[PDB]
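Working notes, structure below.
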Amino acid sequence: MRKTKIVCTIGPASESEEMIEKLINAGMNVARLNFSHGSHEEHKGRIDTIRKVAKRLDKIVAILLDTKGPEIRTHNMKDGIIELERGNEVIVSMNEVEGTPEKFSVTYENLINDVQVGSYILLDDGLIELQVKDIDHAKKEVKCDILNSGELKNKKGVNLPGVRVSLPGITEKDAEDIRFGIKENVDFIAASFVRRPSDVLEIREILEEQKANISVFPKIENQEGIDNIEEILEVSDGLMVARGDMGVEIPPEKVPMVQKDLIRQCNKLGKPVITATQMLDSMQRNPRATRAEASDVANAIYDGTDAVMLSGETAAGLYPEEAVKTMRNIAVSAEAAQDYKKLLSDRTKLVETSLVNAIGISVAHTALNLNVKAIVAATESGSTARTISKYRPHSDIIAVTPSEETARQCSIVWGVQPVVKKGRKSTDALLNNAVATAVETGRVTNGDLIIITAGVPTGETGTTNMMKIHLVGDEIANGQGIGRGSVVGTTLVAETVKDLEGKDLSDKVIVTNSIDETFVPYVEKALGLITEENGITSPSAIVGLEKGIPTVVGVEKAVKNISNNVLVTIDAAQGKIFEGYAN
Amino acid sequence: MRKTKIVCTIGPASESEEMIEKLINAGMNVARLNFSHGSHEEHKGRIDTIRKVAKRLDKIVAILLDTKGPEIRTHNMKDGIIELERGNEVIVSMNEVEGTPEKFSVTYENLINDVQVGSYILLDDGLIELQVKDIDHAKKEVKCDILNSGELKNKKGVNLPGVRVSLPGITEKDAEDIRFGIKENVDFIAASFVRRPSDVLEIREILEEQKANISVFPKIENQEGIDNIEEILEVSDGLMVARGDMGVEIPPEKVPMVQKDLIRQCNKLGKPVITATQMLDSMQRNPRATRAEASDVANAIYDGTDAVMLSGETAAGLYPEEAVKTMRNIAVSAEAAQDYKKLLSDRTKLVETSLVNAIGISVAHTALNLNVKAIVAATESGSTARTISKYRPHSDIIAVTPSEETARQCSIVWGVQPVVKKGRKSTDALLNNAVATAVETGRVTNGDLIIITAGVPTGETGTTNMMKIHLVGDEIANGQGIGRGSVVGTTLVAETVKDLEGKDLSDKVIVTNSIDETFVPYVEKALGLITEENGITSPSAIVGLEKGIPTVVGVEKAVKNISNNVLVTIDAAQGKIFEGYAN
Amino acid sequence: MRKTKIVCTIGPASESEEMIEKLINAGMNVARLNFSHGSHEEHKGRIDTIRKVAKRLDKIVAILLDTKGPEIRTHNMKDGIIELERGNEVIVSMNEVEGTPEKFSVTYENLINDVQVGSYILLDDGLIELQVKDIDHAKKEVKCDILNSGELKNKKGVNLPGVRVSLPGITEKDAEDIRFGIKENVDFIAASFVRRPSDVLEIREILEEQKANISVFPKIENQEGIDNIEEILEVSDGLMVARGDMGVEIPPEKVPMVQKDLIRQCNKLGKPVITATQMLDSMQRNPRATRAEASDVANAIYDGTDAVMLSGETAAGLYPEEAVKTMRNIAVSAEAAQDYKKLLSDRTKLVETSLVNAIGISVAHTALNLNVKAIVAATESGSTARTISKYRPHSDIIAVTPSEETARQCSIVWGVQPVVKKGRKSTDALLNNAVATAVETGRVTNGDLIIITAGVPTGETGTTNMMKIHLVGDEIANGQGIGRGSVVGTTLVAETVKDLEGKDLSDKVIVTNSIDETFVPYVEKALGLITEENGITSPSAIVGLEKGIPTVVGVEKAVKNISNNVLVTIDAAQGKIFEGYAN
């Protein structure tokens, strides 16, 4: 019962074997490595630690590699710092220059081809905004009106509020960074500043060369990306919503509504979504998060995020463990109080009709109606686990897989708790393994209902194409059931009529030889009835059907075999009797 | 595509081997033997004929044995005929007497205990009604006011409009008649004048002695039976609605509404219902039924009947074949024009939540949404077939079974067409047999979608607990699919750009080596695209995703292996290519 | 198109006539006066300014008076500040004392009777929590274990996490404060720390004395209040959800879910809800709100709030206007992108069946289906407006009323824009006024559909009991309509066949004398047809019905009266022709 997965950025505060252990124990599911900073040397060092500490603690943690991305910086500035007055003008040179309140240079020389008169330009993560007055293609200079007078340090960022910014999909560095991911069988690549399908395909063509198999998760940080969200997902394995970065190009006021609609669009196609940045940022400095921050995280969950990400809190914060522990607690709480009927009801309408989704909706409704304890999803790739996870059911999801990487592919998916069991061949084994695996988790015992979905035969696999509903054994006794109902209650083995005379409340299922006239007054006071032998019109059978009591007759040696005062469940249809609570 | 099953009463008109053949060919599913008349000697003679002609024509026909039942006749009457004036009085003696306009005797001596002053009494199937004026328990005579002056022949029937008529459940004769049924492994026992659960249980205790296994179908002919419908079904395997018999005790005007509500209550619990009597009665004499009769039969179907019954039409009518042929035609027509969405929508609300029904509703919705050609139900008993049949889906039901009797048990169930294949053990074999059996019926071929429901493992069986969705093979080629859509259309193997230059309409999926710049103009005019080799960002792949065309790349030897101008289906997800139409 | 109402707390930053003007123009609908601070003298000064500036700008602004409430403070502390160690113990004296790390006093002497061993106690708005170790009723001292070591200033608050805190419903001050409200005909009283019905009734008995008529809105700040939400609303006129206050006694993590469920329970009964505190708090200091804050406000709206409240932002913040302007913008945006079908569908299921609600659900569905521009609700009290507002329709609500106070009563209700028109008597006048008032708002013109709901006759009033659908005039021409359809398009007055020969596209409705054979080819190319005279089988009439074109015949002087090239709407049923777009 945890559902929403926790991604953590590893940094100086949490390279430590000792600390990486604590974070894993505190719920970390995926390790982010941010390639904005650090050398391959450093990143490789942390990867080894995570692997090592993971397989000592015998836990499944994924590695996520976050690229730096293309960007539009300012070039160097004169005296290190430069100022810009508020009603004034500035010239943005496409050619490199030293910074002056008049002449001022940007690294993306092709800016002049993207903007036009009236377009806004933002500097130092939106610290001070400019606006395009004139464009001169001879001199290649863009003359602008300064608006929010502020200082300007050296290599500070520039943002053009969409504006089809025409950078490449990936930088040369990124291209080398992602081959380093390829080298370490890294699990996830979060791609930066994505904004058209091209930008992903560029990563995927580098992957397909080394037959890489890594999941690619775009970072949608501007309008062009928001606008192209469907076509990006078409080509992507998942998605990341960087709010901080987004809040520069599109107004803070509007971001939460945008966020909702992105997450929505991922839930639709069953792609995992990571909600990123500005989660618990005050826990770099403090040991507990502020209310405004807690609210934020919750809304992340209500909106429908497969996962939640900690940035600086864990990488270079004074409280990292606390940051993860807290992240978890908020998760569990925010989930506890939400309606899985609504959640389903929303997804039932939202997703499309397909062979694969048919089984999704079947397993969803069924799990909800029959109140199943666990859905065990047998997958080689992970797409079943996802097809089940998109419909968001209360039931715990269990992704049994033979692939150690696809296990880690699932650590980020909502609801799914993956185990790695060596593959069976035939369905009949597949099913029995499922049941085994379910129980060995401690998550289900004998009373419980389990639904087993998988893609058989497991050769072609591809789509998931079947489900079995399964009550986890295993009938204590059986015989001929009269009536169709059922109940639970503690036995009262009565060897004679006087063996239950003055010591009688309701709430019990009596276990006798047969029913006399002396038994018939006591039986109707009870909850159930099990009788030793008998047929269908017998005194024992007939009395149960008359007074609406679920009964079983012809029960081999009920008085000897069935114990006294032990809780039991009787099933009128089927004619089975169980160890204590079932369905 | 036939659904509603046809029961036929065998008689003098249709004992003939020649004629029983023609009725089987004309759609007969179940053979009614009415034990109101005829000797065991005769009934045994027909049973043999039916068996013999059935297993020659290699068809599954059940036998139904219809009991006569308890009844309340008049004793003999003076001069053979007697009359009764309209404003007069008559005495009904509980002691036997010769009939007189005053003194007049009834076989059910205990009538005096069931009626009271004011109660109505009906004579000769409701020819003339009386009403109770006084009761004398000394003389044991019930003094009545005659109301509808008519003649009165000897052994004519008497009906007390409910009135808990206190006859037994079965007569001595019936008790002997049903052991004769036990002796011939007869498939069904329609029990007459049932009205409380007792009355069935009396048949079922006689069955359980010889471990008989026969389905018992009550005949509900009066208020007490209508009133106890739920409790009767609780104990019964099915039901019959005798309208003629009912129309005596409850007003013709009201019967159709009562009928509806009975059928409804059977559909709820998945018990088969036979709608009986007054179907095509004018076809004893005529070669074609009247409009009023046709309308009747149809309403039977619209109301929801698993089966339709012919009485005298087939037993002692001049046109019997014609009566069955016509019964079929009306069935097919009345089904053709009904809405299986409504039908499902009705049952979705009407039936209860249970493990078994979960699979029903799953198989129902799924079959409707994905437009599956056939639901193959693997049963040993028949309950899966029925769990599937109650939700009434468009899809043909196919009950594969190892039991030759449970095959016949299904002949009467709506939608289900049973086959008898020798049992597999493992699920994996189970599934593969299903698919086999489906195809061997000629009812599904390769393009088609099949749903396979069954109760695994097949040991415990009891409940049905799983389903598999299955597309009947078998991918002509495969490779790397770009996009997620799909289409059907005829190939155009283009070995070069000029190989499709001037000979080009839309509606085709081109099969080339790769895409040049010379191909790109033609590709976007097409429906689909299959290319010889290539990767994901290739010219061939990229152009498809841009222009929304479903494509596959990396198709081993597409130009050589895939034929020209043959209809094909391409599946963008999965990356498969099919022989001609699929899903 | 604004819907969600904005309440603003007036303070030092916004007492100014100049600034109160700017806030009214920036969307303020209700003025909060917080009686936690300030003297009657001050509050009276602001009231006058609001009234004055309101009736100069000719706008309806309500006054809300927010009581301080009962509370449990600490008494004075030694040296002004005192500290408490983390694993230590503290004694909470029910008798006043100077503060010491050991002995420590609380103003609510009866605390000892509410708590028990194990109960938690919170200090300084949940800064440091304690827990009850022992209770001594002799000394009247509660011995506690300190848990979160922190400092403790003088008069700091104490909170017992429910715990039926047995304070009174109102303080003596509050009792005097609310009579001051009575003295200024103040519109709303937000009652603090409400938690049982008693607490409201205490305000309502003080009101009923002076026949006050003021709406009372509880502040639900703890479990006892959450738990009793239904019974409190039973007795209340509305509600406030103070999140800050709530977030002390119940975990930040859980509050959003609680909030939803409270708002839900108000929407159910049609009581207005104000979502309060922690909206845009960073706008005390900054000119624009943070993303996390925006998100919050939006969720307020998605949850279903009739109103949104600004506290310190407007009262003692540097940016107040900006705070209201921004509050508005977020509102309009968060509404723009929500589904009024869902909104209705949610309320349709949620609210109960009643005579009054019948009209609600009728006016709701109808407004959605027929896409009505405005619902004009004629009220004396305001309950119709509210009956209409609870079902949340897209249509603008217009509450026409004779009462200047009930106008202000509606300023806070979702959707409702109130006008004050002097009362009519007869329904027929009532209706015509509605239509007048709707148009005079500029919100509806002639093409538009208006629904008029009201409670007639207006004597008894009480419930709302009727609705009229009304198309805002006024047929340019009329005659005999053939067909039943309708269309809009620009006229082409054709005096002859050559008067439309070569100058012909589709998209027009031709207006001729009659139809020859020379006209019949051109007519079928058109959208509509209006002909000068003619009957029903005429050449002009017949051609329209054959080719499915909406037409009107017998139109007095169509060629002279109807202008050329002016957009018009023709209605086949009714036989009317309109000025340009209708229904």
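When the header is checked for method, it gives X-ray crystallography, 3.0 Å.
Here the Cβ of each residue, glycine as well, is placed from N, Cα and C on the backbone.
For reference, Swiss-Prot has these:
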- C:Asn34, C:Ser36, C:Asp66, C:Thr67: K(+) binding site (BINDING)
- C:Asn34, C:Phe35, C:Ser36, C:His37, C:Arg73, C:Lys156: ATP binding site (BINDING)
- C:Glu221, C:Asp245: Mg(2+) binding site (BINDING)
- C:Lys219: site 'Transition state stabilizer' (SITE)
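Taking the features listed in Swiss-Prot, we show where each one sits on the structure.
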residue  : record                             : contacts (Cβ under 8 Å, 6+ apart)
C:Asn34  : K(+) binding site                  : C:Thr9, C:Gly11, C:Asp66, C:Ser311, C:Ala315
C:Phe35  : ATP binding site                   : C:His43, C:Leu65, C:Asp66, C:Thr67, C:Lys68, C:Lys173, C:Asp174, C:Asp177
C:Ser36  : K(+) binding site                  : C:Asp66, C:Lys68
C:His37  : ATP binding site                   : none
C:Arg73  : ATP binding site                   : C:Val106, C:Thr107, C:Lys155, C:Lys156, C:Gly157, C:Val158
C:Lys219 : site 'Transition state stabilizer' : C:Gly69, C:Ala190, C:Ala191, C:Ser192, C:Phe193, C:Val194, C:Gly225, C:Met240, C:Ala242, C:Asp245, C:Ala276
C:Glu221 : Mg(2+) binding site                : C:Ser192, C:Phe193, C:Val194, C:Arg195, C:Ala242, C:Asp245, C:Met246, C:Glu249
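Note on the binding-site residues C:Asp66, C:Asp245: the fewest other CB atoms within 10 A surround the CB of C:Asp245. Excluding C:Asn34, C:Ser36, C:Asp66, C:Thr67, which define the K(+) site, the same chain contributes C:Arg32, C:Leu33, C:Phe35, C:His37, C:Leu65, C:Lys68, C:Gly69, C:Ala190, C:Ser192 within 8 Å (Cβ to the Cβ centroid), listed in sequence order. Most buried of the binding-site residues C:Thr67, C:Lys156, judged by other Cβ atoms within 10 Å, is C:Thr67. DSSP classifies C:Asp245 (Mg(2+) binding site) as helix under the three-state reduction.
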